[PDB]
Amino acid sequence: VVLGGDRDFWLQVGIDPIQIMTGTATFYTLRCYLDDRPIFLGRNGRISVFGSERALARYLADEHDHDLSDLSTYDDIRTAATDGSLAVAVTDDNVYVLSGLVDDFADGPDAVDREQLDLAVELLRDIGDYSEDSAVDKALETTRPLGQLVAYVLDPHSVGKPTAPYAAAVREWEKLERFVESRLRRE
């Protein structure tokens, strides 16, 4: 019953369009939370990603059985898509950038942008939870080189600065980024 051109459409449907930027691609998808758990536009633990807002809108116009399609407001999205009124819009807090982190970790914590990393870890934890795979939780354990480095960057009151070289953290990040890529299903 929420029309596509309504002022607060995405807020009212309770589902967020998100943007994921990597060094080689920018993707769009949808994500929500149901009883404290992230659910993405996807199926079987893999997130459907789209190269443009138009491609996402085209997909949402079609009948689908995926992890969002039985949510009570999903029909509002599909009807907006078929009405031609769906306006996919990503708010600034739903912009997630993995690009460059692999290079920044190699130069140490001072090369890593804290805000970028904070947002990236938010997405990573959501992907790990949605995929029902422990890869993210394990990699970010603070015993490990990467988890220790991430915790340091995200805490401006920490004096436990990891010391060069950062090769171990880089290797662990590369493995984690491969995991993320394995969970993004190109539609």
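A residue's number is simply how far along the shown sequence it sits, counting from 1.
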Legend entry - 61-69 versus 137-145 - greater average Cα B-factor per the deposited record: 61-69
Inset, instruction - Take the C-alpha B-factors listed in the entry for 86-94 and for 106-114, compute each mean, and give the stretch with the larger one. - result: 106-114
Inset, instruction - Using the B-factor values recorded in the entry, state whether the Cα atom of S48 falls in the lowest, middle or highest third among the modelled residues of its chain. - result: lowest
Inset, instruction - Quick one: classify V159 as lowest, middle or highest third of the chain based on its Cα B-factor. - result: highest
Inset, instruction - Quick one: classify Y33 as lowest, middle or highest third of the chain based on its Cα B-factor. - result: middle
